[PDB]
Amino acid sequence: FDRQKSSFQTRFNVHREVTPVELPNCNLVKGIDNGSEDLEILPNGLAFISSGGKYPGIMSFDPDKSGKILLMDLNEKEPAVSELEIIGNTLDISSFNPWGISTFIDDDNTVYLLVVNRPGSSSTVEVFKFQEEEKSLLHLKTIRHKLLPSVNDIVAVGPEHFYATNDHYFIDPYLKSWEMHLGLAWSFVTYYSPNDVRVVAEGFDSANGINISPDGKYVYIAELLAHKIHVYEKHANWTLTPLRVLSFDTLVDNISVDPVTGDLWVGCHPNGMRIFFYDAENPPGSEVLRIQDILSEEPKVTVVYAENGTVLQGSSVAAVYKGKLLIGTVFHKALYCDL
């Protein structure tokens, strides 16, 4: 049993404290107070934000909060958020509980938004068409599959084609909690497409963020409780082969990819106890990593922002646009910063 307490302390990084890395002009995004756990910025500076999601056992400040997709135009001087209206008749909006998101832009420049949805106990991926002028999301399709039991994030490679992380093997939240505490490491990654759905990697200690290189040749997978980012070669038939594993002293959550450089921008939880077992007197901090030249022998890892949560609690995602840094959290606020 002594080895079991030791594994727990490592996985949840229970002794980690946060050396500050400050940025002089950071401003909280007004209107975001109950989570902004995933976000994605289009090439034109429009940012989608998944907000208000509720997860089994995750702290929530407003238990009756409703899940929303928000829009920010980061070309504005002081960008404000607006709530995107979901239209259509193929989705039960009352149970809409968004988590990870991804975008896909077609040849005709149609923008698709894929949204992990956790209505009740089940797990789906919702496909929307973005209507920019109307600021709305037209629902198109609900995707469910036996190989998508517990979806956490996806990276879209087509309008209804994506890689998905399942952060647990089990669907029942009690068995989920048990599997996470035991550290079974049965989390796995699924490739979904209309004609072909298959597991492409497995054996993860909670796979969370997932993303892809701008040329589509590599897939990146955050293994939250192992504190690792896995680099996979992505083949023409959509299978994955392991290539590199980077290790960290922090719980890596969601991965963003800068399209110009290919850099990874990662939202991280330095101490796992503070993000999983909330204590208002001991709140989770925030930490953002930039990772450059991830294939080379010594990848350059920089802590771009870090704090103990006196401003932003529970950073889960971070992405950059034309000199600005946007940081989201699993159940708290959002921060917009000059780099």
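Heads up: residue numbers just count along the shown sequence, starting at 1.
Would you tell me which stretch averages the higher CA B-factor in the PDB entry, 169-177 or 81-89?
On average, C-alpha B-factors are higher across 169-177.
Quick one: say whether 20-28 or 315-323 has the higher mean Cα B-factor in the deposited entry.
Stretch with the higher mean C-alpha B-factor: 20-28.
Check the PDB entry and point out which of 298, 37, 287, 40 has the largest C-alpha temperature factor.
Comparing C-alpha B-factors across 298, 37, 287, 40, the maximum falls on 298.
Take the CA temperature factors straight from the PDB entry and tell me which of 107, 126, 153, 258 peaks.
Most elevated C-alpha B-factor of the set, per the entry: 107.
When the modelled residues of the chain are sorted by Cα temperature factor, does residue 244 land in the lowest, middle or highest third?
Its C-alpha B-factor, which the entry lists for residue 244, ranks in the highest third among residues of this chain.
Mind checking which third residue 220 falls in for C-alpha B-factor across the chain?
It belongs to the lowest third of the chain when residues are ordered by C-alpha B-factor.
Within this chain, which third does the Cα B-factor at residue 333 fall in: lowest, middle or highest?
For residue 333, the deposited C-alpha B-factor lands in the lowest third.
Is residue 187 in the lowest, middle or highest third of its chain when residues are ranked by C-alpha B-factor?
It falls in the middle third of the chain.
So where's residue 275 on the chain's Cα temperature factor ranking, which third?
It falls in the middle third of the chain.
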